[PDB]
Amino acid sequence: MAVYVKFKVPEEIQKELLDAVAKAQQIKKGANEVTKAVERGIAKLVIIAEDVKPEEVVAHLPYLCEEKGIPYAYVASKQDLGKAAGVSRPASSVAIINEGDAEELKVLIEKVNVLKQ
């Protein structure tokens with residue numbers, strides 16, 4: 001797996017992450033926008049595709065998310081992450097700013113945090 005992928009997310013949970021993106025009211029897309037959202041403290045959850053190159057587009061994200069106390073996780077395919085975000089081309093990363101469902105988001109974050117630790 002790519003060096004920036006710090007823990008394993010099961011397929012089932014990847015599909016839940018894509019759904020959370022797809023139902024979100026507001027998101028940010030791409031390394032620049034996602035980084036700003038995390039810096040500003042407004043990202044509630046960050047999802048990073050596992051097949052992104054070069055390394056410098058997303059490498060800082062796991063570290064920055066930890067520092068800012070923002071949960072993060074992974075999906076296999078940038079093409080899928082793009083589709084979930086409503087794009088017909090890939091997306092390297094996505095931040096959920098306003099989720100579709102607060103309760104679903106809380107539980108999903110909990111699962112991701114269990115997987116990470």
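See the values below:
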{"quantity": "Of all residues in segment 22-42 being of a type in the set (A, V, I, L, M) and part of a loop (DSSP other than H, G, I, E, B), the one that is farthest from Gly100 (Cα to Cα)", "calculated": "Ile42"}
{"quantity": "Filtered residues of segment 83-102 (kept if farther than 22 Å from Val114 by Cα and in contact with a strand residue (DSSP E or B) (Cβ under 8 Å, 6 or more places away or on another chain))", "calculated": "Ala84, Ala85, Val87, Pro90, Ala91, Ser92, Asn98"}
{"quantity": "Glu50 being surrounded by fewer than 16 Cβ atoms within 10 Å (Cβ to Cβ) and of a type in the set (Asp, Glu)", "calculated": "no"}
{"quantity": "Enumeration of residues in segment 81-117 that are of a type in the set (S, T, N, Q), touching a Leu at 6+ places or on another chain (Cβ under 8 Å) and assigned to a loop (DSSP other than H, G, I, E, B)", "calculated": "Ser92"}
{"quantity": "Criterion (buried (at least 19 other Cβ atoms within 10 Å of the Cβ), farther than 22 Å from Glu110 by Cβ, small (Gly, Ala, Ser) and in contact (Cβ under 8 Å) with a residue 24 or more places away in the chain) met by exactly one of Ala91, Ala43, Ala95", "calculated": "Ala91"}
{"quantity": "Lone qualifier among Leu81, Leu17, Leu61, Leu108 - being over 20 Å from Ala2 (Cβ atoms), buried (at least 19 other Cβ atoms within 10 Å of the Cβ) and not charged (D, E, K, R)", "calculated": "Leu108"}
{"quantity": "Index of the failed condition, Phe7 passing every other in (1) touching a helix residue (DSSP H, G or I) at 6+ places or on another chain (Cβ under 9 Å); (2) part of a loop (DSSP other than H, G, I, E, B); (3) without any contact (Cβ under 8 Å) to a residue 60 or more places away in the chain", "calculated": "(3)"}
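Here Cβ is always computed from backbone atoms with ideal geometry, including for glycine, and neighbour counts include all displayed protein chains. We did not get these values from a lab; they are worked out from the coordinates using the rules stated.
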